[PDB]
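Engineer: Take this structure, written in structure tokens, and hold onto it; I'll ask about it next.
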Amino acid sequence: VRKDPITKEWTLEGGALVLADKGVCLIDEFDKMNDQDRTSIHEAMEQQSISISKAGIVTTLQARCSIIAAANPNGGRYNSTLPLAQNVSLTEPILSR
Amino acid sequence: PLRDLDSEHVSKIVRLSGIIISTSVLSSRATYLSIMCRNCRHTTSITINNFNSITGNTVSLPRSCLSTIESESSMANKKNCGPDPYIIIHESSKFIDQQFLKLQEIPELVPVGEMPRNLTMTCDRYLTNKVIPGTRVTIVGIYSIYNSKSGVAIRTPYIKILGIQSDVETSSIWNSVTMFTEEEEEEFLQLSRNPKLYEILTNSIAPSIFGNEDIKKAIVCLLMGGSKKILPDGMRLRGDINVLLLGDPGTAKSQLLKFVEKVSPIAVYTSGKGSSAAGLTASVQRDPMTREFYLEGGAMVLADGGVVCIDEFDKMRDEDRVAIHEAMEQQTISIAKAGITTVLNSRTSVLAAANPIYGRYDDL
Amino acid sequence: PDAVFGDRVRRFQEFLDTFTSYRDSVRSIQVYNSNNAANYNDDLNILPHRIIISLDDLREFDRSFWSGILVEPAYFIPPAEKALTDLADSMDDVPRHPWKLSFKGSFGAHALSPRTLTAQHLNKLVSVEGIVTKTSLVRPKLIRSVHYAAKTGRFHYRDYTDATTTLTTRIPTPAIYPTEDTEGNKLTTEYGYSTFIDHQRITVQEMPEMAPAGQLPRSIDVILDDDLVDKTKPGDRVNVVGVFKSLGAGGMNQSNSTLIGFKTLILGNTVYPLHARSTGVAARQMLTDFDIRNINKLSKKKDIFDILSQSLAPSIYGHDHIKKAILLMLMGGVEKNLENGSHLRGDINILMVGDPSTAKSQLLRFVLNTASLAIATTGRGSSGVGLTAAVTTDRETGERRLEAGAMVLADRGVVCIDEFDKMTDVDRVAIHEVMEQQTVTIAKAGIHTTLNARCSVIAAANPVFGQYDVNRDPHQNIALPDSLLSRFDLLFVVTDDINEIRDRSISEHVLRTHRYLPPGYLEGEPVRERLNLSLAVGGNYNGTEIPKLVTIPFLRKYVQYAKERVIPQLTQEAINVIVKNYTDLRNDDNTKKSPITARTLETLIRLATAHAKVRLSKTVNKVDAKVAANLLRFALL
Amino acid sequence: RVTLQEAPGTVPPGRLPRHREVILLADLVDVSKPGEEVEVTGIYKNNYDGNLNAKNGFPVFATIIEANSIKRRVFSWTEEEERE
Amino acid sequence: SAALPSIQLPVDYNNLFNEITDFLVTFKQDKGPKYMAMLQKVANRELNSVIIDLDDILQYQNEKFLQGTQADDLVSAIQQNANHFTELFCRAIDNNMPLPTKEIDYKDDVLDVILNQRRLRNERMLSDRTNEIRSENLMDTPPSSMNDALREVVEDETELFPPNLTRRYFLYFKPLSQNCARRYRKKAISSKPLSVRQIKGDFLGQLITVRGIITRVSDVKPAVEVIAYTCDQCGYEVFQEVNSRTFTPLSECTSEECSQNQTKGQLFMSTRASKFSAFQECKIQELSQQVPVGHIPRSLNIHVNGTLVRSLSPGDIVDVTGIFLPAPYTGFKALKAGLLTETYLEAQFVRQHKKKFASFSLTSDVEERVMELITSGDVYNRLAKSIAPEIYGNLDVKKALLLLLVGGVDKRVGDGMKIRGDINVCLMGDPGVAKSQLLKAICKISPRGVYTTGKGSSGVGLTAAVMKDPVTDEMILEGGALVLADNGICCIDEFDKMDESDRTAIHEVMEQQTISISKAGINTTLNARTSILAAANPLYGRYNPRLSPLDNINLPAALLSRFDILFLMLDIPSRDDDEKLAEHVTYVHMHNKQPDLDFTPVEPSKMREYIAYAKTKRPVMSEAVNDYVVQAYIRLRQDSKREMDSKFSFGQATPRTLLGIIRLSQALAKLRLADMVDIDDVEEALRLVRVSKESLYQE
Amino acid sequence: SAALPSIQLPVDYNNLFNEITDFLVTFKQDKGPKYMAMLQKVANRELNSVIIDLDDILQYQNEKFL
Ligand SMILES: Nc1ncnc2c1ncn2[C@@H]1O[C@H](COP(=O)(O)OP(=O)(O)OP(O)(O)=S)[C@@H](O)[C@H]1O
Ligand SMILES: Nc1ncnc2c1ncn2[C@@H]1O[C@H](COP(=O)(O)OP(=O)(O)OP(O)(O)=S)[C@@H](O)[C@H]1O
Ligand SMILES: Nc1ncnc2c1ncn2[C@@H]1O[C@H](COP(=O)(O)OP(=O)(O)O)[C@@H](O)[C@H]1O
Ligand SMILES: [Mg+2]
Ligand SMILES: [Mg+2]
Ligand SMILES: [Mg+2]
Ligand SMILES: [Zn+2]
Ligand SMILES: [Zn+2]
């Protein structure tokens, strides 16, 4: 929920996951997220919804979006001897989804 | 739809849907007001039944004294009372409540490069305080017009609310209902006389989950809670049951959490680090308008008197860990910031799920 | 002259004549004021001219006048205030400001919250409970200006009124500030002969525990007048009784032309600070004579120290020495202020560390409920600015001001810190100054301030391995720095060693504790939770007013009495004992949980003084010193 | 009101893209999604503002395009497309 | 009319003015009358301010009562309505002003020659008017009655410069003392120091005294009281008074000539002919003992005008006596209810709880106390042992703390290079050795002592911040804790807990006595001449003999060298030494005072004035003490080189050690009030340095 | 409000109207009551004016007092 610095009027934006409801969310550079984004896509792939409690707004937005993501292995090169969990910074529950 | 509103809908009843993002404070408008002339002391009353107008005094105090034009008395004792001579007598005037709401189009269907569009709405009397921000509503109202002091003759649209319909009703302690009808009261008594009520309740818990009968029994026990004790020395004994589910991935513990979230009258499903924009435990931030401290939200507080389902319980922040510990045991959350100190209720049962290290659980 | 006004005045005369308590209260105020005036004449304080009125008594006497007071206070409160002024003037003729009215009792539908305040309650007397968030600067308001004309050598005056002064509206006659007399001579203002009445505006927001968890809060402005000024600080829980008023014209005039609406506020008649859990308002209880006699007859007994201690938390098995330490901390010792400004501590700090599920958090929650000014904090939840202070900016002046942290808010009080081990080092070194120097020094950008932080601290910590180990070094077990260890007066290691008889006894005690029913409650009915808001003035279940072990409401009457009344003084017979025990502890060969410094000596003095406070003794005795000395030995061995 | 800028391909290299305000009337509202390239035919006219511009020190007028027509430079299937 | 009705007040301004006039000519305290001799100095341009003491008026009333004549209570009337009595006293003074014995020369002030020209102009207009009226002879007709009517008509016709435009003095009311009020059974609410809590609306217009700490002081600015305009058309000077924060300038002339004429001249304002007051706005804050339980300290605005400017500095704990006056309302218009007013204190008198060392002067009354302290003998030990007498022992620590208070000789070289005279002391030891008590004792003793915490005082709380001052409407640099302790002592508790940025700030402070800030806000160097007293713990928290004293002291060598004295303070348990501490502490807790009755502690004010007189001294060193110091430094360097490989090392001796020895010797010479440094002072400095670290660690 | 203050007067128009009503039905001067027979003539369009004599009211008050 953000306030426009000129209009002084608040807007609720669901983000890319909510906006792609009944659609497709295309995430480039999947390995380079911060913690807040990782929690957001974790919640979206877990229960297909996004819960927000900010600025007096307590609600749940539908996030039934298919996700196509692109990522790079650690070190810039994939290693065949190591398995998939070691090749990415992605933790196992987000790889399972 | 909000963006399909047109000039053809002006001054007509429109039915429209959206999400409410802000509700203002209640203003006081005059319905009946008794006015008295300043020097003339002529007494008049004004009755207002129309509160539809915004940024306008469609009914106001008269610009000159009404005693002369009436000529009510035979004596009629050039005397001019002056412009705006009337004074409102407040102790004999009557008032109602007016509320400003803001309706936004739902964020699921918004163009990608566009800011979502919103409308200012007005409600009065019994239509006020019937909806909180975040609620998805259908609204019947008059698409109306005001001028705000970008085009020589441009008016900002607004809605005079005639009816509010809440599509779904959020669950909390304040919105909880305690009243029960006689037929459901008797029907629930026929449930308790069944000797196999335990078995049918356990089978009703997650029917599409195979196995885990002991976990389903523990979920039945968790949903009921226990008897809470308040002692003469003041030491409070909790009755809510907290259950942890540790295990390998793909074993339907997250589905059990989701089912408990669905079946519980009050329930919040979050991760260990919280939600995308809803935190865990309790968040005390400042009011966006008045800069005063208020409780923004949090999983353990919004589900007071209910169940908090914490998935991925192992991964958690440090402040959330101590808040979760206190809120499990004492069923309260202590908040001590530089502005506000309080102890607030978090009387909720915790159902947590987690995975062990190195992937699967190791017997060694 | 209005006839119905006079009839209402006569009816309130009849009510005041019937109930003689208000007649005695007016006279008691008058004798206090006249005695102070006579003391100022021969060789101080003055009481305001207002009377607390019970609404229930008025309802029993006259239901019509009571409903008039509640529903139309503008037509009923001024006649009653006129009646009270007539009574006080009739009695004060033998030995000038008109008398005011305050209201107490049940309000029914008028007991509201800032969210529940609506426009149907306008022009009605309402009682509103909430939290004070903002308070304005106290500003004088000119009521009568006095001027001097030097040419004629005469004094003139002009009276000023505004709409907030009167409940009934009046024709607004704005009389300008006179600089001429009627003949054109220059007037000079006579400051000091003019009268200025103090004026304040506060904001009362609904309480964060009575507010919905996700919504933005609702608030209301309250205007306070001369004697109601500065009865609140921000953060207080309050109950304000006053008239919900509408003011001015809500844009209906031509000059105004906007939808702020009619501006609404409460003209406060009464402000009650309320004691809530973990707030800055201290709990106080009105002591009757019978309670004082009960406290004094318990004071003469020999087992009073082992009676109050076991009656703190009887629902907790064991921890008998910890209950004694909590009682002595609640007594709190005597603070010394020397002639050169040097300060000496009086209050006692207790650290508890040990195994989980040992009722440490339950003891913290008990001290939060039973102490007058206890504030509960957590380890990582609170921060450095959370406990000490912070700097913000107010809207009007634009200059920086201070927001008081938990330690400053708990001045002359109790801080209960849970999860003491998980705290950040910045907040630790903040706490080093608080626990010994008893002050908080803020040196920020532009501001340099010293705040009082005279606090008792209870801390609950855990060992770094999660469980205490006997074979390991206790310094390795606690792993807390030496300087923090020295600050705490008593450190208690609570291990969950298990024995068959002890586990049997604790199991029986907890099982018989879970089989309790409150009086007046059915067997199957659930106990309801009502949040305790107490007015601040100025294992056996059946404990009923000191049979064997005292009740918690009586025990904090005893603690309050011992704190206000007795200030015990150290004597030689206690001094010899504490000196000998301090020397023995300094030169002991044994290993101790707590290190031994000169702080242990002052700990012995504080504990002896606190035990003397239990006995209501003005002198500290040898028996006080020996029990203070062997209480310390348990916390060390 | 629609903000229209010069398409970045047509802009000369060192120069910045110019922009105009285009006023769309009753039938022309919401035909152009932001981020799409269109051709607008309309009357090029001046905005009238009180006391002109005090910052410049010159009697300088702002300009707009009152759009007579909008032409653009959809997952709807017909009955024949379903058969195909 | 009935619009402004009259009221009868007990005050009468006729016999009060006559009482004021008779008081100023007949008050002979016990050359001639006091205020008549003071007005002679005022007329001779040697005195700028007139201080009216209410003690003098009370004594005058006592003498009038003993004579038997009836006198009005002038003290009480001044106390209730001081704003009127300022103008009454100014009128009385202007009525009886002695002629100046001195003549005006070219070295006088511009204001003095302006006022002299105005007085000469007034005399010339009076003489010209009476001369032309005599030239009329409009009756051709009792000489003395004719002259009386003549002066009556002449003083009524002409326009003169009023006495407000011919006054060269400022008038202030000194409050009556409590001690003098006790003698006559007078109850002085004016004397009683109030907190900011207790200054309510009923104190408005009264002369009251407030005690508190000064937090903010604005810069001195010219506030115009009356504006002077010149008219080219008529030649008049038009003056308009100003009593608000804003004014509207006059455009058309309003003199007597241009009022009647059809063509009005245009007024041009002149700064030199207009009247200004030196104006300062200050904030006073409640002391910590004044603040009630659980409350935040409040602040009061003080208006300082005239001669009293620059007498208030931030951090000073003061008694400010002034007139409590209302001001026009500042704030939101919607929030105001009726005739709301702001408040301020128009300052009249300032008393310092701690007297500044630079303000010390050798008055007569100071000299006998200094001679008494000297003739008592053993001054060094007496002053050292009386610093924190509730703390048992630590005699050498208190000796170095006294040398910290006094300091050494600040050195200026003709090349411009500077060697600091301030001494820096570190007190590092085990917990519970009362080092925080010693810092608090020193840092209340010193007049400009600022107590800080390791993490409670941040970097911006130490150095500076670029803040806007709204009353003067300018962005100014506002100092931190080190600026507040300038030419004082900065009192840093928990020294090892500080972050590295504050360590760099004090690193620049400790030697160069400056702070160089080059940020986005500011590019300055500012003076931070603090002597630094630091308190610290070892690295493990408890000292252990297994580690080297360099190892368990987490202090870099460069920051170690800055400290002139570092005291290791070991808490070593013993049966005999702990018992003396125990009896000392128990006696202090029981009788609320010090055990040993064989010596009387010096009072902090007496200690402050003796230290001030010591700081006035400027000792120098001779050849023999220089040779002894050189030999001692050589021995110290060789000894440190020997100890370097061993565990006994306390660092490496540096030239800073030599300069610290010289500084301590000069401080010890200052305590003896000698202009030279002796052998014994150098030996005492050397033994202090040796027992600071080596002696206690050896034991 | 204070613009039209109330005053207390000895006259009460409730028991005076009830006294007037009882006077018109029970005053039998010495067919049936006087003003009741007069109102019959008024109702029969035979009489146009009603004359209230204060002597009758004085006699009525005397009989009520006796
Ligand atoms: N016994 C079961 N019966 C039915 N569906 C099951 C069962 N076990 C797993 N599933 C399905 O497997 C999918 C995985 O969901 P969950 O097992 O709930 O995730 P989870 O691995 O338990 O949670 P984690 O540990 O955070 S990845 C869901 O679609 C479940 O419906
Ligand atoms: N020699 C002493 N004489 C008198 N009181 C003492 C002495 N040593 C210690 N104390 C007391 O013991 C307590 C120690 O408090 P502090 O002044 O904080 O000591 P400390 O040296 O600062 O310890 P820290 O802060 O952990 S380094 C105080 O109450 C002192 O008054
Ligand atoms: N000695 C005891 N007597 C009675 N109850 C106890 C005792 N020890 C633990 N409990 C119970 O066990 C529960 C665990 O909470 P608690 O022991 O306070 O946790 P912790 O000791 O980790 O703070 C509490 O509700 C408390 O009532
Ligand atoms: Mg899962
Ligand atoms: Mg615990
Ligand atoms: Mg200390
Ligand atoms: Zn009129
Ligand atoms: Zn002129």
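If you're wondering about the labels, chains in the structure tokens are A, B, ... by order shown, residues count from 1 in each chain, ligands from 1 in order shown.
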Considering only C-alpha atoms, extract the chain F residues located within 8 Å of chain C and return them as a VMD selection string.
Structural biologist: chain F and resid 2 5 to 8
Engineer: With N, CA and C atoms retained, export the selected residues as a PDB file, in the first residue's frame.
Structural biologist:
```pdb
ATOM      1  N   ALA F   2     -32.046  31.169  26.711  1.00  0.00           N
ATOM      2  CA  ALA F   2     -32.075  32.344  27.570  1.00  0.00           C
ATOM      3  C   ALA F   2     -32.731  33.546  26.908  1.00  0.00           C
ATOM      4  N   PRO F   5     -36.797  33.669  28.586  1.00  0.00           N
ATOM      5  CA  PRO F   5     -36.845  33.038  29.904  1.00  0.00           C
ATOM      6  C   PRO F   5     -38.281  32.820  30.346  1.00  0.00           C
ATOM      7  N   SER F   6     -38.452  31.830  31.208  1.00  0.00           N
ATOM      8  CA  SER F   6     -39.760  31.482  31.731  1.00  0.00           C
ATOM      9  C   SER F   6     -40.027  32.231  33.027  1.00  0.00           C
ATOM     10  N   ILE F   7     -41.304  32.462  33.297  1.00  0.00           N
ATOM     11  CA  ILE F   7     -41.746  33.105  34.523  1.00  0.00           C
ATOM     12  C   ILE F   7     -42.833  32.239  35.142  1.00  0.00           C
ATOM     13  N   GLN F   8     -42.983  32.348  36.456  1.00  0.00           N
ATOM     14  CA  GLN F   8     -43.982  31.583  37.188  1.00  0.00           C
ATOM     15  C   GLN F   8     -45.114  32.518  37.589  1.00  0.00           C
TER      16      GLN F   8
END
```
Engineer: I want to know what sits within 9 Å of residue 166 of chain B, based on only C-alpha atoms, with residues of the same chain fewer than 6 positions away left out; could you give that as a ChimeraX atom specification?
Structural biologist: /B:130-131,135-139
Engineer: Next, dump the selected residues to file, keeping only N, CA, C and O atoms, as a PDB file, in the first residue's frame.
Structural biologist:
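See part-v9.pdb below for the written result:
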```pdb
ATOM      1  N   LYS B 130     -20.104   0.062   8.625  1.00  0.00           N
ATOM      2  CA  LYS B 130     -20.532  -1.280   8.262  1.00  0.00           C
ATOM      3  C   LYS B 130     -19.486  -2.048   7.470  1.00  0.00           C
ATOM      4  O   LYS B 130     -19.737  -3.196   7.090  1.00  0.00           O
ATOM      5  N   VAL B 131     -18.322  -1.455   7.229  1.00  0.00           N
ATOM      6  CA  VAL B 131     -17.293  -2.079   6.410  1.00  0.00           C
ATOM      7  C   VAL B 131     -15.934  -1.554   6.856  1.00  0.00           C
ATOM      8  O   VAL B 131     -15.789  -0.392   7.243  1.00  0.00           O
ATOM      9  N   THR B 135     -12.098  -5.033   2.741  1.00  0.00           N
ATOM     10  CA  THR B 135     -13.270  -5.829   2.419  1.00  0.00           C
ATOM     11  C   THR B 135     -13.682  -5.611   0.964  1.00  0.00           C
ATOM     12  O   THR B 135     -13.739  -4.484   0.466  1.00  0.00           O
ATOM     13  N   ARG B 136     -13.957  -6.716   0.276  1.00  0.00           N
ATOM     14  CA  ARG B 136     -14.460  -6.696  -1.090  1.00  0.00           C
ATOM     15  C   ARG B 136     -15.972  -6.541  -1.031  1.00  0.00           C
ATOM     16  O   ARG B 136     -16.657  -7.344  -0.390  1.00  0.00           O
ATOM     17  N   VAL B 137     -16.489  -5.504  -1.690  1.00  0.00           N
ATOM     18  CA  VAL B 137     -17.887  -5.126  -1.555  1.00  0.00           C
ATOM     19  C   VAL B 137     -18.527  -4.922  -2.922  1.00  0.00           C
ATOM     20  O   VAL B 137     -17.872  -4.579  -3.913  1.00  0.00           O
ATOM     21  N   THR B 138     -19.836  -5.153  -2.946  1.00  0.00           N
ATOM     22  CA  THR B 138     -20.741  -4.645  -3.966  1.00  0.00           C
ATOM     23  C   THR B 138     -21.446  -3.441  -3.361  1.00  0.00           C
ATOM     24  O   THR B 138     -21.745  -3.436  -2.166  1.00  0.00           O
ATOM     25  N   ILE B 139     -21.637  -2.393  -4.150  1.00  0.00           N
ATOM     26  CA  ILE B 139     -22.199  -1.140  -3.669  1.00  0.00           C
ATOM     27  C   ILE B 139     -23.230  -0.643  -4.667  1.00  0.00           C
ATOM     28  O   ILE B 139     -22.963  -0.586  -5.875  1.00  0.00           O
TER      29      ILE B 139
END
```
Engineer: Would you name the residues within 8 Å of ligand 5, counting only C-alpha atoms and all ligand atoms, and put them as a PyMOL selection string?
Structural biologist: (chain B and resi 325-326+329) or (chain C and resi 356-362+418-419+460)
Engineer: With N, CA and C atoms kept, could you save the residues just selected as a JSON list (two decimals), in the first residue's frame?
Structural biologist:
```
[["chain", "number", "residue", "atom", "x", "y", "z"],
["B", 325, "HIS", "N", 7.22, -17.41, 21.42],
["B", 325, "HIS", "CA", 7.35, -18.13, 22.69],
["B", 325, "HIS", "C", 6.44, -17.53, 23.76],
["B", 326, "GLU", "N", 6.50, -16.20, 23.92],
["B", 326, "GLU", "CA", 5.66, -15.53, 24.91],
["B", 326, "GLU", "C", 4.18, -15.72, 24.59],
["B", 329, "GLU", "N", 3.02, -19.25, 25.51],
["B", 329, "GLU", "CA", 2.93, -19.66, 26.90],
["B", 329, "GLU", "C", 1.99, -18.77, 27.70],
["C", 356, "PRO", "N", 14.25, -24.81, 31.22],
["C", 356, "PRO", "CA", 12.90, -24.43, 30.78],
["C", 356, "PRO", "C", 11.83, -25.11, 31.61],
["C", 357, "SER", "N", 10.62, -24.53, 31.53],
["C", 357, "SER", "CA", 9.43, -24.99, 32.25],
["C", 357, "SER", "C", 9.66, -25.00, 33.76],
["C", 358, "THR", "N", 10.30, -23.95, 34.27],
["C", 358, "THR", "CA", 10.54, -23.80, 35.70],
["C", 358, "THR", "C", 9.82, -22.58, 36.28],
["C", 359, "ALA", "N", 8.71, -22.16, 35.67],
["C", 359, "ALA", "CA", 7.84, -21.08, 36.13],
["C", 359, "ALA", "C", 8.54, -19.73, 36.22],
["C", 360, "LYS", "N", 9.57, -19.49, 35.41],
["C", 360, "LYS", "CA", 10.20, -18.18, 35.40],
["C", 360, "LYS", "C", 9.32, -17.14, 34.72],
["C", 361, "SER", "N", 8.77, -17.48, 33.55],
["C", 361, "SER", "CA", 7.88, -16.55, 32.86],
["C", 361, "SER", "C", 6.58, -16.37, 33.63],
["C", 362, "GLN", "N", 6.13, -17.41, 34.33],
["C", 362, "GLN", "CA", 4.94, -17.28, 35.17],
["C", 362, "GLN", "C", 5.21, -16.34, 36.34],
["C", 418, "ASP", "N", 11.82, -10.53, 30.09],
["C", 418, "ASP", "CA", 11.89, -11.93, 29.72],
["C", 418, "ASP", "C", 12.87, -12.11, 28.57],
["C", 419, "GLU", "N", 13.43, -13.33, 28.48],
["C", 419, "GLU", "CA", 14.54, -13.66, 27.57],
["C", 419, "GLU", "C", 15.68, -12.65, 27.68],
["C", 460, "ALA", "N", 14.81, -13.00, 33.45],
["C", 460, "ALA", "CA", 14.77, -14.44, 33.25],
["C", 460, "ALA", "C", 15.65, -14.77, 32.06]]
```
Engineer: Give as a PyMOL selection string every residue of chain E that touches chain C within 7 Å, counting only C-alpha atoms.
Structural biologist: chain E and resi 1+4-8+80-81+201-202+204-206+288+293-294+296+331+337-342+431-432+452-453+455-458+460-461+465+478-481+541-542+573-575+578-579+582-583+586+590+592-593
Engineer: Within 7 Å of chain A, which residues of chain C are there when counting only C-alpha atoms? Please give them as a list in words.
Structural biologist: residues 214, 215 and 216 of chain C
Engineer: Identify, counting only C-alpha atoms and all ligand atoms, the protein, DNA and RNA residues located within 7 Å of ligand 4, and give them as a list in words.
Structural biologist: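 The residues near ligand 4 are residues 46 and 93 of chain A; 253, 254 and 311 of chain B.
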Engineer: Would you list the contacts of residue 105 of chain E as a list in words, taking every protein, DNA or RNA residue within 12 Å and counting only C-alpha atoms, but skipping same-chain residues closer than 3 positions in sequence?
Structural biologist: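 Here the answer would be residues 44, 45, 102, 108, 109, 110, 112, 113 and 116 of chain E.
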Engineer: Show which residues sit within 7 Å of residue 28 of chain A, as a list in words. Count only C-alpha atoms, and ignore same-chain residues fewer than 5 positions away.
Structural biologist: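 Residues near the query, excluding close chain neighbours: residues 69, 70 and 71 of chain A.
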